[PDB]
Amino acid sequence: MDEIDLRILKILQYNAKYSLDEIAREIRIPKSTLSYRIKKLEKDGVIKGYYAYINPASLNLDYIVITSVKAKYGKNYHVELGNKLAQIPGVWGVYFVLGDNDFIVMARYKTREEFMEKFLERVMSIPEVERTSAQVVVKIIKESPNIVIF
């Protein structure tokens, strides 16, 4: 990757629906070269794909919760709990963090009831789980994970 690829990615991270023309004109390079560079980035794994950005509100995903989960120590309990958490419907993020030394889980549901049935109740029945603390997000000030180039 070179400076030019970065200029291309900086654009595609915001809007992937531009025409090779506009981009080429902005970056000041041959459209055939652009198309090539973009195809190379996809083959190399830099660009893993293209998604439609759906407004979670439009889907009534009003009950957002960030949950910290502590796993009991011993015989692979930690690694197994991570994958169990990632398969729960509504869970889009699972991170293991150093400090708290536990899992941070990001999930979205339409209501409290759905959250309890699909996430909370399920997580509570997991024996490996030592403890949890579910944080209710009452305000999304920002959420743009797509922006990787600042």
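Residue numbers here begin at 1 and follow the sequence given.
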| item | value |
| --- | --- |
| 88-96 versus 25-33 - which carries the larger mean C-alpha B factor in the record | 25-33 |
| Maximum C-alpha temperature factor, selected from 112, 70, 39, 108 | 39 |
| Third assignment of residue 62 from its chain's C-alpha B-factors | middle |
| Entry-reported Cα temperature factor of residue 43, expressed as the chain third it lands in | highest |
